[PDB]
Structures are given as C-alpha cells and as structure tokens.
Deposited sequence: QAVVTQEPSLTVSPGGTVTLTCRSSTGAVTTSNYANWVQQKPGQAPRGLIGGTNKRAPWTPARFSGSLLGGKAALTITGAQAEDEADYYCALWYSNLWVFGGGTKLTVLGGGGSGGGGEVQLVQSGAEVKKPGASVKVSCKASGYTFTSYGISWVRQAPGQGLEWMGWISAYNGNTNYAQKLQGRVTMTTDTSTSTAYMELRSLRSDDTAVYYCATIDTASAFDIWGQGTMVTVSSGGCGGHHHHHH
C-alpha cells in the first residue's frame, strides 16, 4: 500500500510565503498522481482547493498555487492571511485509488490550528468516578484555554468550567464545585476532566473546547458519551 506524507504542522506570519509539500512512498510525485489539496478550516467541513496538481477550485484565492517541486507535490500560499489557517490534506491518485496524506496543520500567527481528540465512551454505576481526556494536536498547547461543556440526551448545553493550559488555574460551575476536577499535562498536550459521585442525571455527552480571546469556543472535541446506570456493564 502506498503512503503519502506531509509536514505535520507549519506556522506562517500574515503576508508571508509558505510552501507545503506532499511526498509519495513509491517515488517522485508525477502529473499522473493528479495531486489534490483539500482545506479544512478550524471547526469546519473540508473543501477541495486544488486538483490535477495545479487546477484551482472556483472559490480558491489566486494567492494559492499547486505545483511539483523536487519529486513532491507543493501547495504555495503567497501572502498568507488569518483566513488561511487550516489543516491542508493532499491526495494522490495511484491507478484506481486516492491515498491521502496525514495533513499539514497550518497556523497563521495572530488561536492556532488544532484538532481535539477525546477518549472513548464510558459506562458507569452510580457513585463511581469518570476521567475524560482531551488531547490537542497542532499549535503549541500552552497557548490554549480549555472549557468543558456537557449535554444530556435531547437537552441543552451546560458549561462545567474551564482551565488555562499555561498556568493551570480553574473556574468551575457552581452546581459541580467539589465533584469536578480539571487538569492539564504539558508534556502530552492533554486536558483532563474528572467527575466524581456519578448519578443518573450525569448521563450526557461531555465536550472539551478551546477558548477565545472572547470566551467563545472555536474548536471542539468530538465528545465523549458517559452513561450512568444501575446495571453498569
């Protein structure tokens, strides 16, 4: 099976030039790989940007250009804007199949480019504790504030509290004070939420999210379902 490889992350200042590359494990990337570039802005669905090495989508700005350079596919952004912050995926055609690279997380220096990955679903008995993890991949973890929001089935959003990944200070929702603990691990870029003395009404999807300069949550984790039931497993 062919493997497509990309830089995991890059940073560019507004107005700068950045070159993203896409390597094939089979040899030099050729026009016969019809290199495609797909853009995924923070919290958005992806959208095609470049196809057939250098063909622009109708919505692709002139500042983006696709090419081949030294055996790799290349995506060049000339005069980067804050709007260009995204995860960029390249895809190469190998006879009867598109193989995607792992993506390049491009941060535009200003709220950097990250993906949040939460731990799996949990089944708990009343009285037990649950510890949910939230790992950030991309721009420097300590630049972030992490907030926890939960949602019971068919109900509204509920703020649980938040923490700074820079200094570790917390603020918890009044209802949960003394039952909830939020922590971070700098070495692993992971935020943690522990909720103790679980009861039936704790059954919800638990989300972690980054915090804005404005206290708005731009990037969210996929959520973690916690089911609290008498029977348990």
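Stretches of the deposited sequence left without coordinates are 111 to 116, 240 to 247, in sequence order.
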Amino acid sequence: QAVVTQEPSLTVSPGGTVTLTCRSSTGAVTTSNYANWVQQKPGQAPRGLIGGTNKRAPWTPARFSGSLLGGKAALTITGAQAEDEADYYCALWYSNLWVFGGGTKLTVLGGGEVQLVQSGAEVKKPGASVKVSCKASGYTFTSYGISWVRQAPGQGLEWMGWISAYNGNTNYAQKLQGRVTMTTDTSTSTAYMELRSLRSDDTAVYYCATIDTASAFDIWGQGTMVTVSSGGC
From here on, numbers count along this sequence of modelled residues.
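The deposited model assigns a higher average Cα B-factor to 212 to 220 than to the other stretch when 212 to 220 and 18 to 26 are compared. Higher mean CA temperature factor between 186 to 194 and 58 to 66: 186 to 194, per the PDB entry. The residue among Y88, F100, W148, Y139 whose C-alpha carries the highest B-factor in the deposited model is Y139. Out of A45, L49, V205, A165, the entry records its largest CA B-factor for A165. Annotation for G154: C-alpha temperature factor in the highest third relative to the rest of the modelled chain, per the entry. Residue-level temperature factors show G79 in the lowest third of its chain, judged at the C-alpha atom. Looking at the C-alpha B-factors along this chain, the one for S229 belongs to the highest third. When the modelled residues of the chain are ordered by C-alpha B-factor, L106 sits in the lowest third.
When the CA B factors of the chain's modelled residues are split into thirds, the value for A121 lands in the middle one.
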